[PDB]
Asks: 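Before I ask anything, let me first share the structure, which is written out below as structure tokens.
Values below: every heavy atom of this structure, side chains too, minus hydrogens, waters and symmetry copies. Chain naming here is simple, since letters A, B, ... match the order of the sequence lines and numbering starts at 1 in each.
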Amino acid sequence: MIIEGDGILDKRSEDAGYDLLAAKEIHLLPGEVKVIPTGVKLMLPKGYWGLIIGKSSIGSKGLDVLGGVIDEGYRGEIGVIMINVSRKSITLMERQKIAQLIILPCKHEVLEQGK
Amino acid sequence: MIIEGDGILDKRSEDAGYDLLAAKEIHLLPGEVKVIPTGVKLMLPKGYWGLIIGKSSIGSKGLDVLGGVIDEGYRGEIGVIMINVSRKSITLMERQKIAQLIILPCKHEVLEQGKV
Amino acid sequence: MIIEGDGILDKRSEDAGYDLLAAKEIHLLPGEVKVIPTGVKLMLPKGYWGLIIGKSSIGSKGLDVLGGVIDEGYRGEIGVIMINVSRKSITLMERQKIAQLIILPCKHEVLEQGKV
Ligand SMILES: O=c1ccn([C@H]2CC(O)[C@@H](COP(=O)(O)OP(=O)(O)OP(=O)(O)O)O2)c(=O)[nH]1
Ligand SMILES: O=c1ccn([C@H]2CC(O)[C@@H](COP(=O)(O)OP(=O)(O)OP(=O)(O)O)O2)c(=O)[nH]1
């Protein structure tokens, strides 16, 4: 798969997703929502989409990653929407692992107004 | 796919899911959970289920979608289980986009007890 | 597929996923995140992975069910991670339905630096 940036890591065959990395250091206040930049651009194979889903490691810190859909056509850089549901401030360091990207098949069917 | 209603917009070949519009106005308080009607019913093809995932514009506001699994065997009105995990109350408007539905493939297996 | 435990129930061919039950009774103090044990091990068919999607009703009950990805190679016990987002202690009881597990396809490729 074609990519652009160093904010994503290869994965073993047994692994379902690629690790996404924070492009820069981030500080999330309590309850704050932030779109964290990864510095990566993707060229997803034709017929697939990328699912952004959290990693148990940062989830265990009171950080909820809000499910992200990466479209096949999307050509900008990937961003991870994250919320600090905890009651204190949290810091994500540069290049720290923050989420995963999973490539799933996509089915395109036109819509019909039947019954 | 056969659909009924107008709370779901068609999509492009480069798109992953079909947007889902709020059938009515919704006001969620901080930490409140409400199911949001879409007024859309549909027939999922054979061998596929429908996954409801939020759109980045609502996600970026602290709204998250809970249990968005639409079963192959389900013909009722689709409803979006939205929770406001932000620190303040937000209002979603009528016909405002609220989530996406991505048709994914079903994988049926029989569960067999055994050593793993 | 091969399972080892009691925390999982078979499904209808029209059902997208298998229900997960709470292994033991769990106390979640306010603002506490806890890996809810299920007591089941899996042997996911080759090429697939397991998607854990929280059960709507327990997200209303003041709990948030985090990142649920079971890798093809994972041979341990399945746990469901959750955070207590309310002002009171919430006790999850044994054999309580806490989530769903859906087997989905997985694409594997080498990452190549190019231009998009
Ligand atoms: O977690 C996410 C979600 C989205 N994106 C990007 C990539 C992608 O496919 C594109 C479009 O997201 P989308 O169209 O859902 O969100 P929107 O802001 O609600 O869009 P609009 O009304 O134009 O559909 O946004 C991310 O990087 N991360
Ligand atoms: O809801 C979940 C999420 C993960 N797991 C397990 C099973 C599985 O495939 C393995 C790995 O989780 P993961 O690798 O995401 O978390 P991490 O702690 O951040 O790991 P690392 O960077 O080493 O991968 O963790 C569960 O049982 N339930």
Side-chain angles (χ1 to χ4, degrees), chain A residues 1-19 30-31 40-45 47-67 73-78 82-88 98-106, chain C residues 16 28-38 42-54 56 59 62-87 99 101-116:
Chain A
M1 172 167 81
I2 297 303
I3 65 164
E4 210 171 300
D6 57 305
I8 182 167
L9 300 173
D10 266 300
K11 74 174 192 67
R12 309 168 170 295
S13 293
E14 311 74 51
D15 297 343
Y18 304 87
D19 287 334
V40 317
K41 289 185 168 61
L42 292 175
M43 190 107 99
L44 292 177
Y48 296 76
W49 65 288
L51 166 62
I52 295 175
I53 195 176
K55 290 186 73 61
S56 65
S57 180
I58 86 171
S60 50
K61 303 180 187 303
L63 284 183
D64 196 7
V65 165
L66 312 180
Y74 180 74
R75 253 56 175 190
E77 67 170 291
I78 291 108
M82 197 177 285
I83 296 178
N84 176 24
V85 302
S86 74
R87 323 296 184 183
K88 69 169 299 279
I98 60 173
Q100 281 180 292
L101 183 82
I102 305 160
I103 308 191
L104 291 135
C106 205
Chain C
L28 278 84
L29 289 295
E32 211 202 7
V33 188
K34 282 209 159 186
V35 175
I36 313 312
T38 66
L42 293 167
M43 196 161 281
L44 293 170
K46 316 150 167 289
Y48 294 74
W49 60 287
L51 168 64
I52 309 295
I53 285 168
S56 73
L63 294 165
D64 184 43
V65 171
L66 313 180
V69 181
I70 310 301
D71 295 301
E72 172 190 288
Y74 184 66
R75 211 139 302 281
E77 173 202 51
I78 291 156
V80 186
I81 313 179
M82 307 188 318
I83 309 174
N84 188 314
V85 302
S86 75
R87 307 297 203 311
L101 172 78
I102 299 166
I103 292 65
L104 292 160
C106 172
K107 193 69 185 299
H108 178 264
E109 306 196 5
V110 170
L111 265 27
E112 286 173 49
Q113 189 101 181
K115 195 65 175 175
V116 309

Asks: Using a 4.5 angstrom heavy-atom cutoff, name the option from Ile53(A), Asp10(A), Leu42(A), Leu63(A) with the most pairs to chain C.
Replies: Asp10(A)
Asks: Just wondering, do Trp49(C) and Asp71(C) contact through their side chains at under 4.5 Å, heavy atoms?
Replies: no
Asks: Which one wins on heavy-atom pair count under 4.5 Å against chain A: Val33(C), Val116(C), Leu44(C), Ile70(C)?
Replies: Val116(C)
Asks: Which of these, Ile81(C), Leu28(C), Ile78(C), sits in a side-chain contact (heavy atoms from CB on, under 4.5 Å) with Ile36(C)?
Replies: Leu28(C)
Asks: Can you check whether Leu29(C)'s main-chain N or O pairs, donor with acceptor, with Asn84(C)'s side chain at less than 3.5 Å?
Replies: yes
Asks: So what's closer than 4.5 Å to chain C heavy atoms on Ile2(A): side chain, backbone, both or neither?
Replies: both
Asks: Given the options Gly67(C), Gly79(C), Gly73(C), which has more heavy-atom pairs under 4.5 Å with chain A than any of the others?
Replies: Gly73(C)
Asks: Which atoms of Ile3(A) come close to chain C, meaning under 4.5 Å heavy atom to heavy atom: side chain ones, backbone ones, both, or neither?
Replies: both
Asks: Could you tell me which portion of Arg87(A) (side chain, backbone, both or neither) has an atom closer than 4.5 angstrom to a non-hydrogen atom of chain C?
Replies: side chain
Asks: Would you mind reporting whether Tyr48(C) and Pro105(C) have side-chain heavy atoms less than 4.5 Å apart?
Replies: yes
Asks: Considering all heavy atoms of both residues, which atom of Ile103(A) and which atom of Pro45(A) are nearest to each other, and what is their separation?
Replies: CG2-CG, 4.3 Å
Asks: If every non-hydrogen atom of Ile83(C) is compared with every non-hydrogen atom of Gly62(A), which pair is closest and at what distance?
Replies: CD1-CA, 3.6 Å
Asks: Check whether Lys11(A) gets within reach of chain C through its side chain, its backbone, both or neither, counting any heavy atom under 4.5 Å.
Replies: both
Asks: Between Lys107(C) and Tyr18(A), which heavy-atom pair has the shortest distance, and what is it?
Replies: O-OH, 4.1 Å
Asks: Identify which part of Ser86(A) has an atom lying under 4.5 Å from any heavy atom of chain C, answering side chain, backbone, both or neither.
Replies: neither
Asks: Relative to chain C, which of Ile58(A), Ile102(A), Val85(A) shows the most heavy atom pairs under 4.5 Å?
Replies: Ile102(A)
Asks: Given a strict heavy-atom distance threshold of 4.5 Å, which part of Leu51(A) is in contact with chain C: side chain, backbone, both, or neither?
Replies: side chain
Asks: Mark yes or no for whether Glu4(A), through its side chain, and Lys41(A), through its backbone, hold a donor-acceptor pair below 3.5 Å.
Replies: no
Asks: Out of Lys46(C), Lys115(C), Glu72(C), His108(C), which one racks up the most heavy-atom pairs below 4.5 Å with chain A?
Replies: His108(C)
Asks: Is it the side chain or the backbone of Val65(A) that comes within 4.5 Å of chain C heavy atoms, both, or neither?
Replies: neither
